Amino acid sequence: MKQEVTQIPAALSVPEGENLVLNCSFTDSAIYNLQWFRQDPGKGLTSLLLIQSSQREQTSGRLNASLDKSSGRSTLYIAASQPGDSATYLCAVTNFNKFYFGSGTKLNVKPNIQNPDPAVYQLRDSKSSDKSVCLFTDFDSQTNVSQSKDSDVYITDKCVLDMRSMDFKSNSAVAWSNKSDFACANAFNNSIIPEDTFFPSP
């Protein structure tokens, strides 16, 4: 029979602190082990748990995974999620003479922003660039950043930075263009942004 490994959800976005459930299933129960891994962007995989076919569960830290071999299932439980858990989580099984990986759960654990201060700032032009650059920053993690209506306006997704020695985390998205009919006042018009976002005078 043909082994098929399935993982759900494909993507998971949750507030930090919440417990998480990652599901894996396999159609051929004749496995020697099941293994869970994380992978960060631009990196290889790190082994989290290996459950032998004769075992029902393994634990390490905040991670616990079960194996129900006859049912063809494993569940990974991540307690008390942290931003540093953000990664793609991969389930794999070892069969008699083959190895099979699921397609992954892409997990994003969002920081709790304690004092949102949403704003859109204009950065200074560079003397060695032709771009106009705008920064939407300091919004709550519930804010979603959309792409521009315009194909020559570039917008990145929210990215969280941590200023460690200040106990401070912040979200931001960058927009830029070298078109001339472009202003930071308009750059994020295709996103639903907070009504109290601060737009300083240029």
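Each residue number is its position in the shown sequence, starting from 1.
Judged by mean Cα B factor in the deposited record, 93 to 101 ranks above the other of 93 to 101 and 117 to 125.
Remark: stretch with higher mean C-alpha B factor among 74 to 82 and 107 to 115 is 107 to 115. Set against one another, the Cα B-factors of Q39, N144, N171, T156 in the record reach their highest point at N144. Ranking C134, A30, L67, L48 by Cα temperature factor from the entry places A30 first. Residue-level temperature factors show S177 in the lowest third of its chain, judged at the C-alpha atom. When the CA B factors of the chain's modelled residues are split into thirds, the value for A11 lands in the middle one. In the deposited entry, the Cα temperature factor of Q55 sits in the top third of values across the chain's modelled residues. Among all modelled residues in its chain, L63 ranks in the lowest third by Cα B-factor. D138: CA B factor in the lowest third of modelled residues in this chain (values from the PDB entry).
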